[PDB]
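Trainee: Curious how this folds, go ahead:
(chains A and B, ligands or ions: 2)
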Amino acid sequence: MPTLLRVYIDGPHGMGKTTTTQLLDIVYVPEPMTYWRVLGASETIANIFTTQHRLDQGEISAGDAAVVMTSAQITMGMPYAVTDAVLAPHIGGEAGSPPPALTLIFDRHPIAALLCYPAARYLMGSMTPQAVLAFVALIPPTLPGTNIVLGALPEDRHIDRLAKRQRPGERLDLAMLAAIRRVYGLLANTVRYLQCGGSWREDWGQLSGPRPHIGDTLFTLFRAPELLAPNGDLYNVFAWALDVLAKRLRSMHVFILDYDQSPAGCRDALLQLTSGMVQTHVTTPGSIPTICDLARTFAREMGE
Amino acid sequence: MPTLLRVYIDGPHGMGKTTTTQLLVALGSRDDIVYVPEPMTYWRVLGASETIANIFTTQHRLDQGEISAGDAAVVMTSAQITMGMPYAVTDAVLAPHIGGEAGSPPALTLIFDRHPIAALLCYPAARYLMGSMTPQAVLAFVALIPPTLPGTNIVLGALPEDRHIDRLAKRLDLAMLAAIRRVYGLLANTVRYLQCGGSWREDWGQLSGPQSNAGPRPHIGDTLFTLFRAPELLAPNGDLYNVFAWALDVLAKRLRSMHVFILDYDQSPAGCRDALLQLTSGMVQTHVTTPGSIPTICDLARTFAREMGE
Ligand SMILES: Cc1cn([C@H]2C[C@H](O)[C@]3(CO)C[C@H]23)c(=O)[nH]c1=O
Ligand SMILES: Cc1cn([C@H]2C[C@H](O)[C@]3(CO)C[C@H]23)c(=O)[nH]c1=O
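Mentor: Numbering: from 1, shown residues only, chains lettered A, B, ... in the order given. Ligands and ions are numbered 1, 2, ... in the order given. Shown next is the structure:
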């Protein structure tokens, strides 16, 4: 049965992910911009930044923003979730360490819309922490060969590169850039903490008193008081949400791509990364062409 | 290995689901049957403040013309996330413990108060019928429904509308009662349709203008697929945009492996209980994955009922 290579390009936006994948038996599942601006709702990105902006100005309440933000993040992750669910049955077990018959490269993975954006919106005061754990609770199971490339880039360069490529309806928010860079850094540390033995239940005590300290993982974000009983204990619903998080994250293979360089560099740098990536068998002989059509149809209908 | 029986009682509110479930729990041994109740505490306090209240307010506001359809949708979508959270996290932590299908005396029986599809499909679809949710948001929820675990037995209810209305009349949205009753009937037809070999993509064109484990194959127009023939989901050539068609594939996939049964609630509380007790007979049980799964699951349910069912 053929082998497949799934590579999800993710991390904070504005570093070049789009220019990196563009330049690069290898199919692309691009940014679903048309779903965001038209198919799913009208100009979803504009509603998002408009709402953050208005919360900052004091024109609407925290509760007002959180509702718009949640509804809006549902519409943003839709294409990812639906792509994952129809693709999952075609993914079989691991290959190991030879040749990939097909290489599927995506623009983002479902955890960007289910975990990272919402956690950042939480850090911006535009989303409740209970809403973020509900989305974490719905993160599709992590299949073999879930390779996710996250990016490295000094903030100043990142602001520069972000400023020149502002999406339709987007606003250049530096507080949001900081939030999103911090979630992704926490994300990378979290996978490492978990791969290394970390038990969030065993180290929880350290947030109020060889692997990253729990204070450097996404778990610190969930010490939020909306999730805590009067005696300070995390309610069990939330603890189970964190257990899922540990289980979904932990088996992902994380890869760091340095974006502080020209798009030729970024593009080859990315292809270099694939040698330590994990590949999988597909489950049917006709699994490759179905994946390609899925990829072609997604691109044609939603990525412009 | 030891076997497990999971039963999800669902359907429209006000038919006697909760009562019936507890009478069934009552008959059993202290530890071989556990009840996972409605997570009201989560809906009123833990996930947000007075979510049910807020959902009814919004719907009345919209009915009144005091808010727009857009206002309405942002709120219902957001409220529905909070409504389904407990069901979603419970299924995700339970999943690892469920093994293959045995056959139709379990070491443990779990009776849940509704299934994850209640929050991710039925209520949302009905709010779409009430005009308070977009069909795109409903399909976004459908794409997130978790893989249907083996031995997923769902019990839905039959109750003549007049009796139902009578029970329920102690706001009282009669339009929401008809939407939720309509949604749950389509859902049973859908499972039957999918189990009888129906293929929505092959029958899509038959659209224009309940029994779940018995009977002939229903017409696609009597299944859930009909709710999605909306202009919003249609490309400028008449067909469904593929994103929406893929959401419908997940819907088929998630409902075809489910074992649905119908409980007649038009009877006394003990009538309901025995009825239900007879139906458990033909239900699918599964093996658990570890020796310790049983006790762990009992703890999970107890803790759930303690923290969130009241
Ligand atoms: C995935 C995602 C993106 N975005 C925005 C920010 C980003 O710069 C962008 C393109 O990546 C405009 C869209 C969110 O707000 N939420 C999300 O889940
Ligand atoms: C499960 C569910 C219920 N509800 C309401 C109606 C129902 O009568 C109820 C108790 O079951 C008050 C809460 C929704 O609005 N959404 C949902 O997903």
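Trainee: Skipping its backbone neighbours, what lies nearest the residue nearest to the spatial centre of chain A in space?
Mentor: With distances taken as CA atoms, centre = their mean, residue A:112 lies nearest the centre of chain A, 2.2 Å away. Among residues not flanking residue A:112 along the chain, residue A:10 sits closest, at 5.4 Å (CB to CB, 6 or more residues apart in numbering or on different chains). The way it works is simple: take the backbone N, C-alpha and C, and place the C-beta from them, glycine included.
Trainee: Just list the residues touching the residue nearest to the centre of chain A, thanks.
Mentor: By CB atoms under 8 Å, 6 or more residues apart in numbering or on different chains, residue A:112 lies in contact with A:10, A:77, A:80.
Trainee: Could you point out which of these is nearest to ligand 2?
Mentor: Ranked by distance to ligand 2 (CB to the nearest ligand atom), the contacts of residue A:112 are led by residue A:77 at 19.6 Å.
Trainee: which SS class is the residue nearest to the centre of chain A?
Mentor: helix (DSSP: H, G, I helix; E, B strand; the rest coil).
Trainee: got the contact list for residue A:25?
Mentor: Applying CB under 8 Å, 6+ apart, the residues near residue A:25 are A:100, A:101, A:102, A:103.
Trainee: What ranges does the stretch 101-250 of chain A have for its helices?
Mentor: A:110-111, A:117-123, A:129-137, A:155-163, A:174-195, A:200-203, A:236-250 (DSSP state H, counting those that start in this stretch).
Trainee: Select, out of those helices, the one closest to ligand 2.
Mentor: Of the helices of the stretch 101-250 of chain A, nearest to ligand 2 by CB to the nearest ligand atom is helix A:129-137, at 12.3 Å.
Trainee: what packs against that closest one?
Mentor: Packing partners of helix A:129-137 (3 or more CB pairs under 8 Å, 6 or more residues apart in numbering or on different chains; DSSP states H and E): helix A:62-87, helix A:117-123, helix A:236-250, helix B:69-94.
Trainee: Now neighbour count and distance to residue A:286 too, for the contacts of residue A:112, in CSV please.
Mentor: Converted to CSV, the contacts of residue A:112 look like this (neighbours: other CB atoms under 10 Å in any protein chain shown; distance: CB to CB, whole Å):
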residue, neighbour count, distance to residue A:286
A:10, 22, 29
A:77, 27, 28
A:80, 24, 24
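Trainee: Closest to ligand 1 out of the residues you listed?
Mentor: Of these, the one sitting nearest to ligand 1 (CB to the nearest ligand atom) turns out to be residue A:77, at 6.0 Å.
Trainee: Show me which residues of the stretch 151-300 of chain A are close to chain B?
Mentor: Along the stretch 151-300 of chain A, the residues adjacent to chain B under the rule CB under 8 Å from any CB of the partner chain are A:235, A:236, A:237, A:240, A:241, A:243, A:244, A:247, A:297, A:298.
Trainee: For residue A:42, state which of these is nearest.
Mentor: Using CB to CB, residue A:298 comes nearest to residue A:42 of those, at 20.7 Å.
Trainee: isn't the closest one right next to residue A:28, touching?
Mentor: No - using CB atoms under 8 Å, residue A:298 is not in contact with residue A:28, being 9.1 Å away.
Trainee: list the contacts for the residue nearest to residue A:124 when sequence neighbours are not counted?
Mentor: For residue A:124, ignoring the flanking residues on the chain, the nearest one in space by CB to CB, 6+ apart is residue A:179 at 5.5 Å. Residues in contact with residue A:179, defined by CB under 8 Å, 6+ apart, are A:120, A:121, A:123, A:124.
Trainee: how close does the third one sit to chain B?
Mentor: In other words, residue A:123. With distances taken as CB to the nearest CB, to the nearest Å, residue A:123 is found 19 Å from chain B.
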